[PDB]
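# Notes for the structure review
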Amino acid sequence: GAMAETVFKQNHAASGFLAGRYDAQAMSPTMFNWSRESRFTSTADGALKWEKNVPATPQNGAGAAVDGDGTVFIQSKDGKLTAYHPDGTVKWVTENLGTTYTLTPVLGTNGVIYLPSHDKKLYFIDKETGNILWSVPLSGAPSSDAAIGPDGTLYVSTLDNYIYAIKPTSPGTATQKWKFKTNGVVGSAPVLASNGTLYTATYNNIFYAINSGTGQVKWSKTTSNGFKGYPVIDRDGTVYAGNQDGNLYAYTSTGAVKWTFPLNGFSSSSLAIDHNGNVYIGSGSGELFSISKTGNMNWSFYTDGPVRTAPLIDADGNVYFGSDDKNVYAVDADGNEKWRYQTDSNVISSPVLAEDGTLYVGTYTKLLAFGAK
């Protein structure tokens, strides 16, 4: 289909994700393993453009992807993957793809969607048509989105306590590059840094730095409680990870503690990082935090329930997020409220921006679209 007018980049000057084989022509091909600072501006003012019924239980704030045409792809817990036109009408639908929990339909190159399924499978789906190209079995249910490496390898965690590195070779060879048995249930989903390290962590309180070429552990640390969600990585290779003990931890690429930052409650979302190195995270306290690269609070913004959406930053520094108080929120770069929108289900499916500034965000029951002013 069409291409976005500028290429998608996982990184800006202040982030340090491993560049992988994502659809560079897409508007938003991945939810995580990128800065979550959009290259697009938005004038969205809080007026709803449309809503669709999309029943879901997204893992760690998973949600929609958007290709170069602006087609919106989202999985629902009734077994469907649906492609929506920008006007909210349906372009295609494929059924029987997995229930109970949903994940992001990540867009790779050559128009392939990578969708792990609760049926213990990894689907490869044609984004133009919805056709299932083929699928690979997994030994346990997947507990992460598919991260894509520079050679096309897919990295996922599974519920039977593994990190998998799966290399697909067209038209139908799927190869275990390596598999790592973790000590405990994976709570921190795999993200990859520019130096080749994959980071993950378990509820036996172990945080791992793994060589993504070999699957061998580089170093590990234990903590009092478990990390959860998707960390962000800065340009120096420092990893910022939210912990259930109520702190954000910053670990350097060598495993040194750069700092910790208190969140007043369990970490409740995954992170974003802006091009000035500020990092953003939600808390079970109800607050969204903006924190500097040196660990100082820039601001906090209170909501009436846990903030479980990973925040999204636009090109002007505005921050979009949602809360278990059932509001979508937009604030400016200094934390000033711009608008809120009251819906009827907790806002937990993380926001996505299209090229024209349309903002998509989801609840347990709905996909919401907020148009430009």
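Thresholds applied
- Residues numbered from 1 in each chain as written, not as in the entry; some residues may be left out.
- Heavy atoms only, no water.
- Residues with missing side-chain atoms left out of burial classes, pairs and counts.
- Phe/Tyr/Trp six-rings, centres within 6.5 Å; stacked < 30°, edge-to-face > 60°.
- Helix = DSSP H or I, 4+ residues; strand = E, 2+ residues; numbered from the N terminus.
- Buried < 20%, exposed > 50% of the residue type's maximum accessible area, 1.4 Å probe, protein only.
- Pairing = 2+ DSSP bridges.
- Axes fitted to C-alpha atoms, helices over the stretch in contact; angles between N-to-C directions.
- Patch = residues over 30% accessible without salt bridge, like charges linked within 9 Å, V, L, I, M, F, W, Y side chains within 5 Å.
- Areas by Shrake-Rupley, 256 points an atom, 1.4 Å probe, with all protein chains shown as cover.
- Salt bridge = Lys/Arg side-chain N within 4 Å of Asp/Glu carboxyl O.

Within the PDB entry, the label attached to the chain reads PQQ_3 domain-containing protein, and the organism entered is Bacillus velezensis.

### Looking at the packing of aromatic side chains
Applying the stated rule across the entire model yields 27 aromatic pairs. Seen from their ring centres, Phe301 and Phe321 are 5.8 Å apart, and the 80 degrees between their planes marks the pair as edge-to-face. A residue pair is termed long-range when its members are at least 10 positions apart, and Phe301 in strand 25 (residues 297-302) and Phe321 in strand 27 (residues 319-322) qualify at 20 residues. Like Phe301, the residue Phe321 is buried in the burial classification.

### Quick notes on the sheet that holds strand 32 (residues 366-370)
Strand pairing in a sheet takes place through backbone hydrogen bonds and is either antiparallel or parallel in direction. Pairing in this open sheet of 4 strands is antiparallel, and the strands run 1-32-31-30 from one edge to the other. Edge positions in the sheet fall to strand 1 (48-53) and strand 30 (347-353), since each of these pairs with one other strand and no more. Each neighbouring strand pair of the sheet contributes to a mean axis angle of 15 degrees, computed without reference to strand direction. Here 4 bridges tie strand 31 (residues 359-363) to strand 32, and the two strands are oriented antiparallel to one another. The partner of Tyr360 across the bridge, within strand 32, is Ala369.

### With respect to unusual backbone geometry
Note the cis peptide between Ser170 and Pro171, where omega equals 0 degrees. By secondary structure assignment, the location of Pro171 is in the loop between strand 12 (162-169) and strand 13 (173-181). The backbone of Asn264 shows a phi angle near 65 degrees, a positive value even though the residue is not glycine. Residue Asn264 is classed as exposed on the basis of its relative accessible area of 59%. The phi dihedral of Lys326 falls on the positive side, at around 70 degrees, and the residue is not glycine.

### Remarks on a nonpolar patch on the surface
A surface patch of nonpolar side chains, about 260 Å² in accessible area, is lined by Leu159, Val185 and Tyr203. Here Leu159 shows up in the loop between strand 11 (154-158) and strand 12. With a relative accessible area of 53%, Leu159 lands in the exposed category.

### Let's talk about the sheet that holds strand 20 (residues 247-251)
If you trace the 4 strands from one edge of the open sheet to the other, you get 18-19-20-21, paired in antiparallel fashion. Taken across any chain shown, the strands that pair with only one partner, and hence form the sheet edges, are strand 18 (232-233) and strand 21 (257-262). In the sheet, strand 19 (residues 239-242) pairs with strand 20 via 4 bridges, with the strands oriented antiparallel. By the bridge assignment for strand 20, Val239 is matched with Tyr251.

### Comments concerning the pattern of salt bridges
One pass over the structure, following the stated rule, counts 8 salt bridges. The salt bridge partner of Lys127 is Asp67, with a shortest N-O separation of 2.8 Å. You can see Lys127 sitting in the loop between strand 8 (121-126) and strand 9 (132-137) and its partner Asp67 sitting in the loop between strand 2 (65-66) and strand 3 (72-75), a full 60 residues away along the chain. Just as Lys127 is buried, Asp67 falls in that class too. A salt bridge links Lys80 to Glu95, with the nearest nitrogen and oxygen atoms 3.8 Å apart.

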